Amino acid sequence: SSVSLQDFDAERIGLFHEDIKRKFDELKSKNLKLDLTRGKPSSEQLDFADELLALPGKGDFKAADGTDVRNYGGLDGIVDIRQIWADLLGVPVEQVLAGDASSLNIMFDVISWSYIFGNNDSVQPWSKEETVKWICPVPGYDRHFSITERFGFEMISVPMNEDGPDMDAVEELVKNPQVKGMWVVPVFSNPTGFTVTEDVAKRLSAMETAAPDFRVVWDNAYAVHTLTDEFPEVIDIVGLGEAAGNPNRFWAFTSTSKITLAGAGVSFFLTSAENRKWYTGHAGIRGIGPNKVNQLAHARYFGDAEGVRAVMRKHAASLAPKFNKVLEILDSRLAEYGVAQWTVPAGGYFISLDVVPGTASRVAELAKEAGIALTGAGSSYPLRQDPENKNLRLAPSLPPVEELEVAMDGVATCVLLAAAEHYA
């Protein structure tokens, strides 16, 4: 009685194909120009931080330790913003470095410097190895993969599961000394929405790796970025490494790009004492230090960690209805057919949609014909290669709800037409 599309008989699927073609032609007739690709805050979210454009303000230029933020010096970032983030994340302030307005920049730099110089645990620079391998949980973040691609690292994929990366697979892979590191987005992961559990974190902390200088990039970009009233747990991953006897394993990051201003916020690097010393030793050759004025501006804007969480409540209220609309259209158009699976995230910036394998690129092509921009098939995979051609990323944050409704209704029609083509 219930029958999925893949189980429709030959005639039934042919007739379905004719029907959904009608619907697609109706869609194309609307002459839409809509875009579901932009993983960035809306204007209304950026409005929240309007005061920050006037901070720290005339005459307000002393950090909490007396530092004149207007003059040179200090590689670590100012104590005011470091302490707020330490309090927010529940870690010792000593673990926290605060940078400029890009956490990606710091991730690039620590990889780059490991490549040139070696890290503090290296016996030689990564540039001297015949092959460098890097573990990539998928679906994941294109800008991560682009860094390791640029450096010529062989990227080895593993599944990103509901509780984190597949640890049976990771534990096996790291037995090869070619493997130097891995990427993970541990909370509301980009784009699955999945979150690393304590058990998986402990496995990452305790596993033994063949490379003596192996590093996990723990890019906690969505550390407080809830859609609900409940904030996710902040695992003190640096502390878990230390407890396991692998203190230098984790390079942890976060930022305020999706809290304040996207591209004009403050970044953070959290790591062990030996790793911090290594980083600041190199960073002090690269320059005199980060922008302390913007750090003070941010400290004044937030006040304290509760002030950060109050801002995140504002973002949640803005984003929630957008996620809800996408989810409700996916359900109302697709659920009955058994053609697609999608995440129901509790935070972060994306919904991850799996369609009939072999059809994701066709869905994106159909959507384009109908004036709806989707992120390309494979975009969440190393080298833009999804071996199942099934996954699509949806970005609800920017457009208004009315645009999301029309666009997602269109996407649903494209999913069904591509599926009908595939099965017929």
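The numbering used is simple: start at 1 and walk along the sequence shown.
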item: Between 239 to 247 and 130 to 138 (mean CA B-factor, as deposited), the higher; value: 239 to 247
item: Of 197 to 205 and 108 to 116, the one with larger mean CA B-factor; value: 197 to 205
item: From 219, 306, 76, 213, residue of greatest CA B-factor; value: 306
item: Deposited CA B-factor, highest of 64, 55, 69, 363; value: 64
item: Lowest, middle or highest third - CA B-factor, residue 337; value: highest
item: Ranked against its chain, the third holding the CA B-factor of residue 231; value: highest
item: Modelled-residue ranking by C-alpha temperature factor, third containing residue 172; value: highest
item: Assigned third (lowest, middle, highest) for the C-alpha B factor of residue 319; value: lowest
item: Third of the chain, ranked by Cα B-factor, where residue 100 sits; value: lowest
